[PDB]
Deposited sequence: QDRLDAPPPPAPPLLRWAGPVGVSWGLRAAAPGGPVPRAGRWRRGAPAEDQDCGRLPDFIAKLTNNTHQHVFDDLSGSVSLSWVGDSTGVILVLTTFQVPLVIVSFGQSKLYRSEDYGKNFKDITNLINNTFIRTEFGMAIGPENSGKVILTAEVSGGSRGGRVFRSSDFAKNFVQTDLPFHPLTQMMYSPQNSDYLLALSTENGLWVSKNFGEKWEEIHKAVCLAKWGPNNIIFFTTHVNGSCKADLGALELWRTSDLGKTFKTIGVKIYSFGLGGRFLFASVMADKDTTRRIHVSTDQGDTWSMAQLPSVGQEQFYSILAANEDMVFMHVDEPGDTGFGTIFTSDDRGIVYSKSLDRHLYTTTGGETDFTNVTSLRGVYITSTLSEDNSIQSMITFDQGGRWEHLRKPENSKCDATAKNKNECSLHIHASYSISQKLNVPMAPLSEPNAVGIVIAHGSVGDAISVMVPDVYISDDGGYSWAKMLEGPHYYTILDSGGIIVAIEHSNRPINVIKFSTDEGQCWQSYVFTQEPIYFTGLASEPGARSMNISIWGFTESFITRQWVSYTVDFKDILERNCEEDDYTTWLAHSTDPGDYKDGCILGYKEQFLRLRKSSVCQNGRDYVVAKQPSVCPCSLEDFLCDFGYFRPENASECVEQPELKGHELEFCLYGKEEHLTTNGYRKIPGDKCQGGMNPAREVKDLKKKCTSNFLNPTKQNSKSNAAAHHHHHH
């Protein structure tokens, strides 16, 4: 491997330290908008709150605690960040014992100015933005009242009482459950599901005997109790609850649960927990109506009701998902699907790695929850086509051994060891740079980076004062070249939070050209087959950045791809026959 020259000089003047020398114990960070560089940092000591604001992607911060009048901010509610570039921020404050209602600091200009607002109620939940209109907010009160605002939280009205759960639907529709006689936990299974399309002026009861409800893609789901039984079933609606269909899914008992694993405009991955405290269930995939379900994966790991699952959307390649399954011997084995759950498969072992014949197993939420030496779950970005990064074990099952970091560049078909120890990682510039920080219980001062998709790595010493590393921060969307390295210095009585923001603009000094990209057929496994690369009835050819090209994709980078319809085979249909949701094959068989 040949390394690019003089990278130290291109990063020293692009390294920016900021110290947060308050006495806080916890730190939370929110990005506000895209292409703004606005970061809000809230530090808490338990109490005192400090509010810091950056507008250069974290290179410099300003103390703006005076903008909230030095009020303690309750971390339970977080920072209610408005969608897209609305620039909306809502912080929930603590009040005294005799206050009639709550207090909230509202900003609509990317945290440049905050307005202090007294509420006619005490908030029980975070204030939720309507996807259709960021001025429309709902919240539940401590008396389980449903409150709605049309003017970004300035004025509130209580549209219904005894509300247990409320969610925005499309076009400013509100769905919510309510109880009549009792409470929310007591009347579990006797709730009613209501809908209002006019922000509380009129109401329609769209369900009774309700356990709970949820939204996923185009689908409205409700679990409904049986008449003379303690079991419950899933009903689904695609017309905002005007009509319902019984999902072709098994019923479950009180000790079981349903969980939406993933949902888009085509279909839903649904987890049905198995009876008993055995920690696993079954994955089913829906049709385009959310009614017909095909069994996709048996013995899917999902510990308890609100427990841990390893289900992972490989967002860098269409149709690819990874998750963990419980073996018959109660060992954990990773499985990968490339066709949206049509079939699952063991992950292919890297060629050079040895078994501790075997396969690759991926560490995710469950491994992290069990306090394994795994700092991050899998990472993928849609604009960085084919790239998957994860901690893994090569062998027969998930192992507690010190895991290596593995990378795929084709969406999970092939794998290679990326780095030796456990590392935090982050993808920048749509894959133009991959960054990694060693996971250690010792202080560190090195950030590793790769410009060839993880094949070659350079180490950069970003500070002479090593830090206990805690996490990476970068602009969501993976289009920036800025990376914030967060850690702390420690004395005998306090911790000094510090961030180092490195700008890679001089590493990727030139913009990528058309010559810098090459054609790549996704899902290619055998060019001799007529249907090579066909997934859900069509294949796609991408323009991928050459690994050898050292250049910036750009903030306005758009993945260039060209689809080609494949002939329909029996693999494109499910049993009602019905074509698979999202399948776009034409001609062929039927």
{"item": "Chain regions without C-alpha coordinates, deposited sequence numbering", "value": "1 to 52, 99 to 106, 417 to 423, 644 to 681, 696 to 731"}
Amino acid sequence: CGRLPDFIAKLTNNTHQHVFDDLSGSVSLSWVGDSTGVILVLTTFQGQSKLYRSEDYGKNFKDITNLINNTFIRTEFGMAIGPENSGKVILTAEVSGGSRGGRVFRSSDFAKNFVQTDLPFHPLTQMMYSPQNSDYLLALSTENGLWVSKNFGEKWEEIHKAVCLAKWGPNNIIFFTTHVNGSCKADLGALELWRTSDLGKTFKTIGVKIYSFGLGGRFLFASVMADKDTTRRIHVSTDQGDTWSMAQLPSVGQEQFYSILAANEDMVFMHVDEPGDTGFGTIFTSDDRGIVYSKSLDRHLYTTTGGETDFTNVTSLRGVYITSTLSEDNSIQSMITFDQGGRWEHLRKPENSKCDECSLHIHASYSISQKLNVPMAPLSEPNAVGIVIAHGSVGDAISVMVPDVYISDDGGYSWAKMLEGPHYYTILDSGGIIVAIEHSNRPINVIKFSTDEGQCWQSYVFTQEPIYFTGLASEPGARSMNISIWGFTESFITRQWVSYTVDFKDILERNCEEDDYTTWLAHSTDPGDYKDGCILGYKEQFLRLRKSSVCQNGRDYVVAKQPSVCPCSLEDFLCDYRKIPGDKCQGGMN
From here on, numbers count along this sequence of modelled residues.
property	result
Higher-scoring stretch by recorded Cα B factor average, 240 to 248 or 450 to 458	450 to 458
Mean temperature factor over C-alpha atoms, higher-scoring stretch between 507 to 515 and 80 to 88	507 to 515
Out of 224, 128, 184, 320, highest CA B-factor residue	184
Selection by C-alpha B-factor (highest) of 217, 378, 281, 101	101
Among modelled residues of the same chain, the CA temperature factor third for residue 61	middle
Ranked against its chain, the third holding the CA B-factor of residue 110	middle
Ranked C-alpha temperature factor of residue 45 among modelled chain residues, by third	highest
Third of the chain, ranked by Cα B-factor, where residue 464 sits	highest
Modelled-residue ranking by C-alpha temperature factor, third containing residue 121	highest
